[PDB]
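Starting off, we have a lone chain in the form deposited without the partner chain, written out as structure tokens.
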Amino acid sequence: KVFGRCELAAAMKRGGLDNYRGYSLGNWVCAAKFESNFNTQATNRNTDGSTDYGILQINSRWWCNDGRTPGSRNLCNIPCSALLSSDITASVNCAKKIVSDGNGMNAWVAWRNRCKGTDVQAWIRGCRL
């Protein structure tokens, strides 16, 4: 499913992401935009053999099991395919663990390079939240 900006903001908010670990909602919507272009089915393979899955491009080396990443830790205890669902709950629950891991949102490279320090408020402007 390809989410709309405001539609995604509402789902993430309902999911408990607004200001989770101090990160406002605009941060999360911005990261999703640049990581997957709001597409739940996005996947991207990395050079180390791991793959990134879903709306927030969660990596198979640490967070989910895809059965083809040797040394995977599956810290979110979930098959990576569950992260591609139209219901973002799994991605949301796993993202909470990732952001709490010590490096905050810097764990998402597109956030660090394209969202961090920008007016992220623009991402939820106009939305009825």
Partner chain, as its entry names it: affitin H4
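Residue numbers count along the first chain shown, from 1.
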Stretch with the greater mean C-alpha B-factor as recorded in the entry, comparing 117 to 125 against 20 to 28 | 117 to 125
According to the deposited model, is the average Cα temperature factor higher in 9 to 17 or in 107 to 115?
-> 9 to 17
Based on the PDB entry, the highest CA temperature factor among the options 77, 81, 59, 40 is that of 77
Would you mind finding, among 87, 66, 35, 52, the residue with the largest C-alpha temperature factor in the entry?
-> 87
By the entry's values, the third containing the CA B factor of residue 91 is the lowest
